[PDB]
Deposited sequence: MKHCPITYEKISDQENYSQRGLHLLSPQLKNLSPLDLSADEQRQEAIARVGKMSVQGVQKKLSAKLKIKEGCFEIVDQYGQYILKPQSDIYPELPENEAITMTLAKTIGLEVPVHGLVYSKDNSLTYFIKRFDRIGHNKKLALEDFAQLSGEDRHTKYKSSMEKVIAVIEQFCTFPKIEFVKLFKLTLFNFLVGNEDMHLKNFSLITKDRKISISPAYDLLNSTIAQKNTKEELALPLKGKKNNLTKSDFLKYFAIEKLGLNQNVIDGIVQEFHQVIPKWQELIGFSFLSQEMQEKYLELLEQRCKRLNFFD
């Protein structure tokens, strides 16, 4: 909260709702962040008092997404005033000169709300994309890649409000990535693998669920496209392992992250 970058540029279940999301402006001269109540261009996420190391978790996870080729906005870490680390991200609905871009989350687009942002499915997510996106086939490739990533890095909190459509230069597409982190290792007694069911499943998902039911029958991707993306994830595992070990996570948190990643890679036969 309010400082300058470092090495970096109710029976419900939610997890992101234990961490603050602060608006901030980038000080032009000093190059440091200033929390403001309104009219900010950045979002700052300080440490949570309930779940540990969320800023470091979010920062490395968004960097892993950038390495595999997902659209990721500028993000990083800053030291808060209490000498802890705070995550920041550049808003993509603000574009300098104080202009704005239209941005709508999938709960808004599908008629759900905050209390029911988990009462949906990835089949319903696909339908929203087919309705509103300028190039749905291009967006389906991105969705497939996003869903595989979230499974591998243990993001079980991809509810309806974590998908958004951005309207930029008259083109409607899935927004850049936001709110991606390994929420499985941040909790204890993690209850699900996927926030929204796929083929009616939120746990014990298998290779044929992602690569056959999802990729072929629901997204209509050609087999050669699926194979190329799977290969992409295969080639990135060594790079991911290196980046996590070089991150700002604690050693214990790094080990939880690596062990989860290996377990998810093994369920998709990455090492077979």
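- No alpha-carbon coordinates exist for the deposited sequence positions 10 to 49, which form the chain's only such stretch.
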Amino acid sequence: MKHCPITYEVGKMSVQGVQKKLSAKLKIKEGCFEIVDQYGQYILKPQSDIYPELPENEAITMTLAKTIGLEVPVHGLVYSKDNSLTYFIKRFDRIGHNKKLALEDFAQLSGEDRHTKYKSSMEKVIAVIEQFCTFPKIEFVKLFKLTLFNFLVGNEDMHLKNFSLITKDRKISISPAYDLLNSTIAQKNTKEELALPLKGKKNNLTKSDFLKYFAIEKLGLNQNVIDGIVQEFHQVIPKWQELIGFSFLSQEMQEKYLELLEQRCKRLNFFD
From here on, numbers count along this sequence of modelled residues.
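- When the C-alpha B-factors of 165 to 173 and 140 to 148 are averaged, 165 to 173 comes out higher.
- When the mean C-alpha temperature factors of 22 to 30 and 62 to 70 are read from the deposited coordinates, 22 to 30 comes out higher.
- Listed residues 90, 81, 159, 202 were ranked by CA B-factor as deposited; 81 comes out on top.
- Ranked by C-alpha B-factor against the other modelled residues of its chain, residue 262 falls in the lowest third.
- Per the deposited record, the Cα B-factor of residue 182 falls in the lowest third when ranked against the other modelled residues of its chain.
- Among the modelled residues of its chain, residue 94 has a C-alpha B-factor that falls in the middle third, as given in the PDB entry.
- In the deposited entry, the Cα temperature factor of residue 212 places it in the highest third of its chain's modelled residues.
- In the deposited entry, the Cα temperature factor of residue 57 places it in the lowest third of its chain's modelled residues.
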